[PDB]
Each structure stands twice: as structure tokens, then as C-alpha cells.
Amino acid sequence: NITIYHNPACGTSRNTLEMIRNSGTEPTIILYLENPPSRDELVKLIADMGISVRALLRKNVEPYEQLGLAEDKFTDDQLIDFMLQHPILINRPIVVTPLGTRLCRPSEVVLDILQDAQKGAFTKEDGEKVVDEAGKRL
């Protein structure tokens, strides 16, 4: 039972999805840009991820820029409501498994919450080796 909030245009997100698969599970895939979490869900995801609201914000996207989110002038709930109204602000990928929830940045964070070991060596799409055939992280 695994869920990934996925952006196919994002290599971090692609690598994460493939590591999930390499553990032998096909996750439920949520295209968050189209189908963002509800407020309650988003609030829960953030709590489980154990990072701050601001740490989930993606920089370098149009609403972050134009809404001036770089500046320290926003409460956590203000920031939550911006994420819900402008889903590209939600950084990615977020992964939920029975073990926990993580913002998988870098992608190999997902290894922490996958219950089953990688079934063989994993190499990122740019060639960065993550685990060898024997399962050791490099």
C-alpha cells in the first residue's frame, strides 16, 4: 500500500517511482498537479513528513516568484492555502507507505520507507549508482 504524488516531468520523481517499483510494488500514482491533496490531507502529509510547511514549497515556479513567497511574511496556514490554490508549489515527490511518509528529495530517501529491499541494483536515470546488486548503498 504505497502512494506517490508524482510529476512525470521531474527526474527526482521518476527515479523515486522506479525505486518503488524496484522493491516489487506498483504504487497508487497521484498526479498532484491535476489532483492535489485536500487541505486535511495536505496538513497530514506535512505532519507525517516531519518537515516545515515552508520546506515543502518549491521555489522557482511562477506562483512562488509572483506571490513573493521568498519573503518571511507568511504564516504556515497562508502557505498551506497557497499550495492548495497553486499545486505546482508542492515540492515532489511525496511518498506514503505503511512505514511513513517522506518528501523524497533526493529520491533515495524513499529507501527509508520501502518495506521490501530493492530487488537488484538501482542506478538513477543520469547514471548515479544508488544500490549495488548486493543491496549496499554506494
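When you see a residue number, it is the position in the sequence shown, counting from 1.
Lowest, middle or highest third - CA B-factor, residue 67 = Middle third.
Compare the C-alpha B factor of residue 77 with those of the other modelled residues in its chain, then answer lowest, middle or highest third.
-> Answer is lowest: the recorded C-alpha B-factor places it there.
Within this chain's modelled residues, let me know which third the CA B factor of residue 4 belongs to: lowest, middle or highest.
-> For residue 4, the deposited C-alpha B-factor lands in the lowest third.
Lowest, middle or highest third: where is residue 108 by Cα B-factor in its chain?
-> According to the entry, residue 108 has a C-alpha B-factor in the chain's lowest third.
In terms of the CA temperature factor given in the entry, to which third of its chain does residue 101 belong: lowest, middle or highest?
-> It belongs to the lowest third of the chain when residues are ordered by C-alpha B-factor.
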